[PDB]
Every structure is written in C-alpha cells, then in structure tokens.
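S.K.: Below is a structure I'd like to ask you about.
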Amino acid sequence: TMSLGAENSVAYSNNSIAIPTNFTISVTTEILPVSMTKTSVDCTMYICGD
Amino acid sequence: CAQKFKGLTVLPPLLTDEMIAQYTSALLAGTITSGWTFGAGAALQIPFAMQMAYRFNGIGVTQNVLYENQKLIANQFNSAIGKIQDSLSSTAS
Amino acid sequence: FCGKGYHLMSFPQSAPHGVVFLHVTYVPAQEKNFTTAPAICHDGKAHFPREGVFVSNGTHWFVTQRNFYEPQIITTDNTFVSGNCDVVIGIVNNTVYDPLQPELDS
Ligand SMILES: *[C@@H]1O[C@H](CO)[C@@H](O[C@@H]2O[C@H](CO)[C@@H](O[C@@H]3O[C@H](CO)[C@@H](O)[C@H](O)[C@@H]3O)[C@H](O)[C@H]2NC(C)=O)[C@H](O)[C@H]1NC(C)=O
Ligand SMILES: *[C@@H]1O[C@H](CO)[C@@H](O[C@@H]2O[C@H](CO)[C@@H](O)[C@H](O)[C@H]2NC(C)=O)[C@H](O)[C@H]1NC(C)=O
Ligand SMILES: *[C@@H]1O[C@H](CO)[C@@H](O[C@@H]2O[C@H](CO)[C@@H](O)[C@H](O)[C@H]2NC(C)=O)[C@H](O)[C@H]1NC(C)=O
Ligand SMILES: *[C@@H]1O[C@H](CO)[C@@H](O)[C@H](O)[C@H]1NC(C)=O
Ligand SMILES: *[C@@H]1O[C@H](CO)[C@@H](O)[C@H](O)[C@H]1NC(C)=O
C-alpha cells in the first residue's frame with residue numbers, strides 16, 4: 001500500500017513563535033512545451049496513387 | 001451488474017477516499033497551526049490571533065482592530081460556519 | 001507560480017519545441033523557539049509594533065522582523081499607541097525607551 005508521507009506534528013501553543021535565523025538560495029527548473037511539428041498531406045495521391 | 005459485458009468496464013481510481021481525506025486534514029492542520037509559512041519551507045508555529053491580525057494588516061486595516069473586536073469576529077465566524085450546514089442540508093443542492 | 005518558495009527572479013532557456021525556466025527562490029532555515037506577546041503595556045496604554053513581532057529572550061523583550069531574526073530595543077519609533085490596557089487579551093507589562101528626552105535634554 002502506497003505511503004502518503006512522513007508523519008509530523010506542530011508544537012502549537014498559546015504563546016510560542018519561531019523565527020528563522022538563516023536562509024538558503026534554491027534554483028529549480030521547469031519545462032513547458034510550446035509548439036509541435038507542422039505536417040501536410042497529399043490526399044489525392046494517398047487515397048490512390050498511379 | 002452495472003451493464004457489464006461487451007467489453008465495457010470501469011477502472012477503480014488510484015487514490016481511495018481515505019487518502020484524500022488524510023491529505024485534506026493535513027492541509028487544514030498546517031494552515032491552522034502555521035499560517036502560510038508551511039507552503040514555502042518548514043512549518044513555523046504561531047498563535048491564531050496573531051495570524052488573523054497579520055491577515056487583517058495585509059488588507060489595509062491596522063492590527064488593533066482585531067485585538068479590540070476579537071469576540072465579535074469569533075462569534076460572526078462561528079455563526080457563518082453554522083449556517084453552511086443548514087444551507088447544504090437543504091434539498092436545493 | 002514562479003518556483004517554490006519566495007520568488008526572486010527567473011532566467012529563460014531554449015529547448016526543442018519548448019522552453020526551460022530557471023527559478024531563483026528564497027528559503028528560510030534554522031528556526032528557534034521564542035515567546036511572543038500581542039501587545040505591551042507601559043503607562044496604561046497599549047503599544048503595537050509597526051512592521052514587526054514581539055519576542056522575548058527569556059528575560060528581556062525585543063522587536064524584530066518576521067522573516068529574519070534581528071532583535072532591537074523597543075522604542076517609541078518602533079511602536080504606535082492606541083487604546084488602554086484592559087481590552088487586549090494577553091498583554092504583557094514592560095517598559096518603552098524614549099530615545100529623545102534622556103540624552104537630548106539640553
Ligand atoms: C548560514 O548558513 C550558511 C550555510 O548555508 C553558513 O555558512 C557555512 O558555515 C559553515 C560553518 O558554520 C562552514 O563550514 C566550514 O567553513 C570553514 C570556513 O570555510 C571551512 O574551513 C570548514 O571546512 C567548513 O566547511 C561553511 O563552509 C559555510 N558555507 C559557506 C557556503 O560559506 C553560515 O555560517 C550560517 N550562518 C549562521 C549565522 O548560522
Ligand atoms: C537574552 O538577551 C539579553 C539581551 O542582551 C541578555 O542580557 C544580558 O544582560 C545584560 C543586558 O544588556 C548584559 O550585560 C549581558 O551581557 C547580557 N547577556 C548576553 C548579551 O549574553 C540575556 O543574557 C540573554 N539571555 C537570557 C537567558 O536572558
Ligand atoms: C501590570 O501593570 C498593571 C498596572 O501597573 C498591574 O495592575 C495592577 O495590579 C495590582 C495587583 O497586582 C492592583 O492592585 C492594581 O490596582 C492594578 N493597577 C495599577 C494601576 O496598579 C498589573 O497587575 C501588572 N501585571 C499584569 C500581568 O498585568
Ligand atoms: C490558552 O489560554 C486560554 C485562556 O487563558 C486557556 O483557556 C487555554 O487552556 C490555554 N491553552 C493552553 C494552556 O494550552
Ligand atoms: C520548543 O520547546 C518545546 C518544549 O520546550 C519543544 O517541545 C519544541 O520541540 C521546541 N521547538 C523546537 C523547534 O525544537
């Protein structure tokens with residue numbers, strides 16, 4: 001059976017807050033199609049040639 | 001049963017109805033206990049009143065308004081949530 | 001939308017029958033426990049931060065930005081006054097330093 005992910009629990013409280021003290025720079029890619037191949041068909045020859 | 005035969009079948013979905021509920025519950029818990037920080041990295045806890053005050057500050061209203069009308073806002077939210085059940089339970093789906 | 005995290009900038013690249021993006025993002029790390037309060041009462045008045053949060057180093061109190069740990073002394077230029085000290089739930093007694101009267105008293 002597939003696993004959804006790792007279990008976690010946030011330490012919520014009446015008066016508690018967390019502030020980061022350091023940062024990381026991340027670079028990610030992303031691929032998107034734009035165009036495909038252009039084609040043309042000769043119907044008269046394809047239906048019956050010669 | 002369910003028409004069947006003649007080579008017409010129905011394939012069950014990959015994700016059952018329990019995994020989706022687990023995902024939605026996790027999302028709700030994260031939104032409640034972290035705000036919007038869990039969508040960009042590690043989840044950071046913060047009191048709910050402060051998160052709502054910052055959300056008010058994000059739309060051009062100073063944060064003291066919530067700290068003065070917290071009870072009224074909570075009552076309005078509770079009543080609005082309560083009305084949704086009656087709205088959905090009606091036959092006019 | 002433009003990458004995962006806080007977007008900074010992007011650079012395009014060409015691919016056959018397509019296009020490739022490179023997203024630069026800002027990701028926080030290394031959080032720490034802290035104690036927070038919604039408001040601070042000094043002289044029967046409620047003080048709220050301008051663009052920060054209230055943090056406590058166990059004993060003292062500071063104000064810092066929400067995305068980076070940078071403590072500062074709570075002054076009258078960091079907070080604004082509105083109301084009294086009997087309507088906000090969770091208010092904490094403290095002192096606010098005035099950066100004008102004590103030194104520039106001449
Ligand atoms: C914030 O995080 C950065 C990393 O993203 C920290 O920089 C890294 O600091 C460690 C030590 O704390 C460096 O490791 C050691 O560096 C010395 C000096 O070059 C080297 O001789 C050792 O062999 C070891 O590698 C690490 O190199 C350094 N990373 C970079 C890219 O410079 C930074 O210290 C953190 N700042 C705070 C305030 O936590
Ligand atoms: C939390 O931060 C305060 C602010 O510096 C620390 O205060 C100490 O006491 C006085 C305040 O200026 C200084 O003479 C000490 O040098 C401070 N200690 C430092 C800077 O390490 C306080 O010690 C910090 N920790 C706790 C648990 O309160
Ligand atoms: C914060 O300061 C206020 C005002 O100084 C305190 O309110 C006083 O509380 C005492 C009891 O400890 C009463 O006898 C006084 O009548 C209150 N008012 C004044 C003007 O002194 C308050 O107790 C302090 N602490 C907190 C947590 O609010
Ligand atoms: C937070 O404070 C409220 C009001 O004092 C209290 O009812 C609640 O139990 C507290 N939550 C805790 C201590 O986890
Ligand atoms: C903050 O402290 C509590 C109890 O002292 C602890 O359970 C929690 O893990 C701490 N936070 C972090 C980020 O470690």
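In the structure tokens, chains take letters A, B, ... by order of appearance, with residues numbered from 1 within each chain and ligands from 1 in the order shown.
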Extract, using only C-alpha atoms, all DNA, RNA and protein residues at most 8 Å from range 22-24 of chain C, discarding same-chain residues fewer than 5 positions from it, and format them as a ChimeraX atom specification.
M.R.: /A:25-30 /C:2-3,7-13
S.K.: Store the residues picked out above, limited to N, CA, C and O atoms, as a compact mmCIF listing (two decimals), in the first residue's frame.
M.R.:
```
# COMPACT_ATOMS: atom_id res chain seq x y z
N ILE A 25 19.45 29.64 -0.79
CA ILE A 25 19.05 30.01 -2.15
C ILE A 25 18.87 28.73 -2.95
O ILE A 25 19.78 27.90 -3.03
N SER A 26 17.69 28.57 -3.55
CA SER A 26 17.35 27.36 -4.29
C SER A 26 17.04 27.72 -5.74
O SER A 26 16.38 28.73 -6.01
N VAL A 27 17.53 26.89 -6.66
CA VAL A 27 17.29 27.07 -8.09
C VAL A 27 16.64 25.80 -8.62
O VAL A 27 17.18 24.70 -8.43
N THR A 28 15.51 25.95 -9.30
CA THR A 28 14.76 24.83 -9.85
C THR A 28 14.44 25.09 -11.31
O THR A 28 14.42 26.24 -11.76
N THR A 29 14.19 24.01 -12.04
CA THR A 29 13.88 24.08 -13.46
C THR A 29 12.40 23.79 -13.70
O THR A 29 11.67 23.34 -12.81
N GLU A 30 11.96 24.05 -14.93
CA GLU A 30 10.58 23.81 -15.33
C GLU A 30 10.51 23.79 -16.85
O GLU A 30 10.99 24.73 -17.50
N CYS C 2 5.96 31.13 -9.76
CA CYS C 2 7.32 31.18 -10.29
C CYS C 2 8.24 30.53 -9.26
O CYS C 2 8.86 31.18 -8.43
N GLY C 3 8.31 29.20 -9.33
CA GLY C 3 9.16 28.44 -8.43
C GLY C 3 8.49 28.17 -7.10
O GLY C 3 7.37 28.59 -6.82
N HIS C 7 9.71 33.98 -4.59
CA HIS C 7 10.32 34.22 -5.89
C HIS C 7 11.21 35.45 -5.87
O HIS C 7 10.89 36.46 -5.24
N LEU C 8 12.35 35.35 -6.55
CA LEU C 8 13.25 36.49 -6.74
C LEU C 8 13.38 36.88 -8.20
O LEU C 8 13.11 38.04 -8.54
N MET C 9 13.79 35.97 -9.07
CA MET C 9 13.96 36.26 -10.49
C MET C 9 14.02 34.95 -11.25
O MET C 9 14.16 33.87 -10.66
N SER C 10 13.90 35.04 -12.57
CA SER C 10 13.92 33.87 -13.43
C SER C 10 14.74 34.16 -14.68
O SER C 10 14.90 35.31 -15.09
N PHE C 11 15.27 33.09 -15.28
CA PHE C 11 16.06 33.19 -16.49
C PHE C 11 15.56 32.16 -17.50
O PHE C 11 15.45 30.96 -17.16
N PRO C 12 15.24 32.56 -18.72
CA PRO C 12 14.72 31.62 -19.71
C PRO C 12 15.81 30.95 -20.52
O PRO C 12 16.90 31.49 -20.74
N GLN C 13 15.50 29.74 -20.98
CA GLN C 13 16.39 28.96 -21.83
C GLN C 13 15.58 28.31 -22.94
O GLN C 13 14.38 28.05 -22.78
```
S.K.: For chain B, work out the contacting residues on chain C at 8 Å, counting only C-alpha atoms, and write them as a PyMOL selection string.
M.R.: chain C and resi 4-6+27-29+31+38+48+82+87-89
S.K.: Those selected residues, please, written with N, CA, C and O atoms and delivered as a CSV table (one decimal), in the first residue's frame.
M.R.:
```csv
chain,number,residue,atom,x,y,z
C,4,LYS,N,9.2,27.4,-6.3
C,4,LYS,CA,8.7,27.0,-5.0
C,4,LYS,C,9.5,27.8,-3.9
C,4,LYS,O,10.7,27.8,-3.8
C,5,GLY,N,8.7,28.6,-3.1
C,5,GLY,CA,9.2,29.5,-2.1
C,5,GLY,C,8.9,30.9,-2.4
C,5,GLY,O,7.8,31.2,-2.9
C,6,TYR,N,9.8,31.8,-2.0
C,6,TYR,CA,9.7,33.2,-2.3
C,6,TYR,C,10.4,33.6,-3.6
C,6,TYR,O,11.7,33.4,-3.6
C,27,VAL,N,14.6,30.5,0.7
C,27,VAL,CA,14.0,29.5,1.6
C,27,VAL,C,14.6,29.7,2.9
C,27,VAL,O,15.8,29.7,3.1
C,28,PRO,N,13.8,30.0,4.0
C,28,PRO,CA,14.3,30.1,5.3
C,28,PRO,C,14.8,28.8,5.9
C,28,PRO,O,14.4,27.7,5.4
C,29,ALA,N,15.6,28.9,6.9
C,29,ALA,CA,16.1,27.7,7.6
C,29,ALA,C,16.6,28.1,9.0
C,29,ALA,O,16.7,29.2,9.4
C,31,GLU,N,15.2,27.6,12.4
C,31,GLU,CA,14.3,28.3,13.3
C,31,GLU,C,14.7,28.0,14.7
C,31,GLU,O,15.5,27.2,15.0
C,38,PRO,N,1.0,39.7,22.2
C,38,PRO,CA,0.4,40.6,21.2
C,38,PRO,C,0.6,42.1,21.4
C,38,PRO,O,0.7,42.8,20.5
C,48,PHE,N,1.6,48.7,19.9
C,48,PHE,CA,1.7,47.6,18.9
C,48,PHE,C,2.9,47.9,18.0
C,48,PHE,O,3.2,49.0,17.7
C,82,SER,N,-2.4,53.0,20.9
C,82,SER,CA,-3.8,53.0,20.6
C,82,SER,C,-4.5,52.3,21.7
C,82,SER,O,-4.3,51.1,21.9
C,87,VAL,N,-8.4,45.8,27.2
C,87,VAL,CA,-9.2,45.3,26.2
C,87,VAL,C,-8.5,44.2,25.4
C,87,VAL,O,-9.2,43.4,24.7
C,88,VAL,N,-7.2,44.1,25.4
C,88,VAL,CA,-6.4,43.2,24.6
C,88,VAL,C,-6.1,42.0,25.5
C,88,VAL,O,-5.6,42.2,26.6
C,89,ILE,N,-6.4,40.8,25.0
C,89,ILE,CA,-6.1,39.6,25.8
C,89,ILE,C,-4.7,39.1,25.6
C,89,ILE,O,-4.2,39.0,24.4
```
S.K.: Within 8 Å of ligand 3, which residues show up when you count only C-alpha atoms and all ligand atoms? List them as an NGL selection string, please.
M.R.: :C and (41-44 or 91-93)
S.K.: Do you know which residues are at most 12 Å from residue 37 in chain A counting only C-alpha atoms, after dropping those on the same chain fewer than 3 positions away, and could you put them as JSON, numbers by chain?
M.R.: {"A": [33, 34, 40], "C": [16, 17, 18]}
S.K.: Counting only C-alpha atoms and all ligand atoms, give me one row per residue of chain C with an atom at most 12 Å from an atom of ligand 5, showing the shortest contact pair and its distance in Å to one decimal, sorted by chain then residue number, as a tab-separated table.
M.R.:
```
residue	atom	partner	partner_atom_place_in_ligand_line	distance
C:29	CA	ligand 5	13 (C)	11.3
C:30	CA	ligand 5	13 (C)	8.9
C:31	CA	ligand 5	13 (C)	6.5
C:32	CA	ligand 5	13 (C)	5.5
C:33	CA	ligand 5	1 (C)	4.9
C:34	CA	ligand 5	1 (C)	7.7
C:35	CA	ligand 5	1 (C)	9.7
```
S.K.: Identify which of the residues A:9, A:44, A:2, A:16 lies closest to ligand 4, counting only C-alpha atoms and all ligand atoms when measuring atom-to-atom distances.
M.R.: A:16
S.K.: Could you check the closest approach to residue 53 in chain C for each of C:98, C:70, C:77, C:86 and tell me which residue wins, using only C-alpha atoms?
M.R.: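 Selected residue with least distance to residue 53 in chain C: C:70.
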S.K.: For chain A, report every residue with an atom at most 8 Å from chain B (counting only C-alpha atoms), formatted as a PyMOL selection string.
M.R.: chain A and resi 4+10-19
S.K.: Run DSSP on the backbone and grab whatever in chain A lands in alpha helix (DSSP H); send it over as a VMD selection string.
M.R.: chain A and resid 43 to 47
S.K.: Please give the complete set of residues from chain A that DSSP, run on the backbone, assigns to strand (DSSP E or B), formatted as a PyMOL selection string.
M.R.: chain A and resi 17-18+22-33
S.K.: Within 8 Å of ligand 1, counting only C-alpha atoms and all ligand atoms, which protein or nucleic acid residues do you find, written as a ChimeraX atom specification?
M.R.: /A:21-24 /C:30
S.K.: Got a sec to check which residues lie within 7 Å of ligand 2, using only C-alpha atoms and all ligand atoms, and send them as JSON, numbers by chain?
M.R.: {"C": [57, 58, 59, 60]}
S.K.: Using only C-alpha atoms, find the one residue out of C:73, C:25, C:51, C:15 that sits nearest to chain A.
M.R.: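 Result for the nearest residue to chain A: C:25.
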S.K.: Rank nothing, just name the residue among C:95, C:90, C:75, C:21 nearest to ligand 4, using only C-alpha atoms and all ligand atoms.
M.R.: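 Closest candidate: C:90.
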S.K.: Provide the CA of residue 102 in chain C to CA of residue 79 in chain C distance in Å, to one decimal place.
M.R.: 18.7 Å
S.K.: So, with only C-alpha atoms as the atoms that count, which of C:45, C:66, C:50, C:39 lies closest to chain A?
M.R.: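 Using only C-alpha atoms, chain A sits closest to C:66.
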S.K.: Mind pulling up the distance from CA of residue 36 in chain C to CA of residue 64 in chain C?
M.R.: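 Interatomic distance, CA of residue 64 in chain C to CA of residue 36 in chain C: 11.1 Å.
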